[PDB]
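Okay, structure first, notes after.
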Amino acid sequence: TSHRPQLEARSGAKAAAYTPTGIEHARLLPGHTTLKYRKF
RNA sequence: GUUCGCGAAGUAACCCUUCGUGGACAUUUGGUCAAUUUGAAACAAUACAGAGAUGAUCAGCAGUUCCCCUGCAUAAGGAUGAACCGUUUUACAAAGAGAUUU
């Protein structure tokens, strides 16, 4: 019984309460830094 | 200290030097931090066991977590990374029947 289904999810409140560490990820490097706009 | 201006001495010397004076140039660093225990690292040393499904031997991927580690990492690995199993009583009623106090 050590393996179980999921009752509820790990809430993002618990991730919003943690203070961040600055780990510059390999994909959050700046890229596609221009937003294209439509005609109007 | 350098320079500009003035005075006084050497000195009855427009040369030079000294002394005294006013100005200008120059204007507030460094420390979250003290040099062995007593403001905290963890491994290793001893000893014993020695893995999740059950009859055995195992591949795992997951989930929860007020557990993290190695990792550049949103990859991957850490025993499926580890703890998970443990207790377990009231949103509490209604109908009917008999035995009791008055």
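Ligands are numbered from 1 in the order shown, chains are lettered A, B, ... in the order of the structure tokens, and residues start at 1 in each chain.
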Looking only at helix (DSSP H, G or I) from DSSP on the backbone, list the matching residues of chain A as a ChimeraX atom specification. /A:12-17
I need the chosen residues saved as a compact mmCIF listing (two decimals), in the first residue's frame, with C-alpha atoms.
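Output file out19.txt follows:
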```
# COMPACT_ATOMS: atom_id res chain seq x y z
CA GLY A 12 0.62 26.25 -6.41
CA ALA A 13 0.07 28.10 -3.13
CA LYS A 14 2.87 25.96 -1.73
CA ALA A 15 5.09 27.02 -4.64
CA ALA A 16 4.08 30.68 -4.29
CA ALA A 17 4.99 30.65 -0.60
```
Closest pair table for chain B residues within 12 Å of chain A, only C-alpha atoms (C1' of nucleotides), as CSV:
```
residue,atom,partner,partner_atom,distance
B:52,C1',A:2,CA,7.6
B:53,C1',A:1,CA,8.9
B:61,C1',A:3,CA,11.6
B:62,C1',A:3,CA,8.7
B:63,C1',A:6,CA,5.0
B:64,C1',A:6,CA,7.5
B:65,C1',A:10,CA,9.4
B:66,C1',A:14,CA,10.0
B:72,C1',A:26,CA,7.5
B:73,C1',A:25,CA,6.5
B:74,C1',A:27,CA,7.9
B:75,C1',A:26,CA,10.9
B:80,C1',A:3,CA,9.1
B:83,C1',A:2,CA,9.9
B:84,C1',A:2,CA,5.0
B:85,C1',A:1,CA,6.0
```
Kindly export the residues of the current selection with C-alpha atoms (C1' of nucleotides), as a PDB file, in the first residue's frame.
```pdb
ATOM      1  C1'   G B  52       7.900  -2.772  -3.494  1.00  0.00           C
ATOM      2  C1'   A B  53       4.109  -6.172  -4.954  1.00  0.00           C
ATOM      3  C1'   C B  61       6.871   5.030 -14.152  1.00  0.00           C
ATOM      4  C1'   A B  62       3.991   7.759 -10.965  1.00  0.00           C
ATOM      5  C1'   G B  63       1.230  10.381  -6.676  1.00  0.00           C
ATOM      6  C1'   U B  64       1.315  13.060  -1.267  1.00  0.00           C
ATOM      7  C1'   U B  65       5.052  15.384   1.686  1.00  0.00           C
ATOM      8  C1'   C B  66       5.832  21.346   6.613  1.00  0.00           C
ATOM      9  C1'   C B  72      23.896  22.749 -15.885  1.00  0.00           C
ATOM     10  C1'   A B  73      18.979  21.101 -16.090  1.00  0.00           C
ATOM     11  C1'   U B  74      12.147  21.638 -17.131  1.00  0.00           C
ATOM     12  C1'   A B  75      16.612  15.667 -18.741  1.00  0.00           C
ATOM     13  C1'   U B  80      10.113   2.196  -7.688  1.00  0.00           C
ATOM     14  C1'   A B  83       8.523   8.428   4.970  1.00  0.00           C
ATOM     15  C1'   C B  84       3.159   5.973   2.836  1.00  0.00           C
ATOM     16  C1'   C B  85       1.002   0.326   5.888  1.00  0.00           C
TER      17        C B  85
END
```
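Between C1' of residue 69 (chain B) and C1' of residue 43 (chain B) there is a distance of 13.2 Å.
Using only C-alpha atoms (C1' of nucleotides), the protein and nucleic acid residues lying no more than 12 Å from residue 2 (chain B), apart from those fewer than 5 places from it along its own chain, are residues 24, 25 and 26 of chain B.
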Store the residues of this selection in a file with N, CA, C and O atoms (P, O5', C5', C4', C3', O3' and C1' of nucleotides), as a PDB file, in the first residue's frame.
```
ATOM      1  P     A B  24      40.742  80.391  -0.328  1.00  0.00           P
ATOM      2  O5'   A B  24      41.369  79.759  -1.646  1.00  0.00           O
ATOM      3  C5'   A B  24      40.950  80.206  -2.925  1.00  0.00           C
ATOM      4  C4'   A B  24      41.870  79.713  -4.011  1.00  0.00           C
ATOM      5  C3'   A B  24      42.136  78.221  -4.034  1.00  0.00           C
ATOM      6  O3'   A B  24      41.075  77.472  -4.593  1.00  0.00           O
ATOM      7  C1'   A B  24      44.163  79.377  -4.320  1.00  0.00           C
ATOM      8  P     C B  25      40.684  76.045  -3.969  1.00  0.00           P
ATOM      9  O5'   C B  25      41.644  75.028  -4.727  1.00  0.00           O
ATOM     10  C5'   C B  25      41.814  75.091  -6.134  1.00  0.00           C
ATOM     11  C4'   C B  25      43.081  74.395  -6.550  1.00  0.00           C
ATOM     12  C3'   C B  25      43.239  72.985  -6.014  1.00  0.00           C
ATOM     13  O3'   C B  25      42.564  72.034  -6.813  1.00  0.00           O
ATOM     14  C1'   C B  25      45.238  74.202  -5.649  1.00  0.00           C
ATOM     15  P     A B  26      41.193  71.378  -6.302  1.00  0.00           P
ATOM     16  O5'   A B  26      41.665  70.364  -5.171  1.00  0.00           O
ATOM     17  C5'   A B  26      42.583  69.325  -5.467  1.00  0.00           C
ATOM     18  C4'   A B  26      43.027  68.627  -4.212  1.00  0.00           C
ATOM     19  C3'   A B  26      41.953  68.452  -3.154  1.00  0.00           C
ATOM     20  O3'   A B  26      41.099  67.355  -3.414  1.00  0.00           O
ATOM     21  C1'   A B  26      43.915  69.293  -2.149  1.00  0.00           C
TER      22        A B  26
END
```
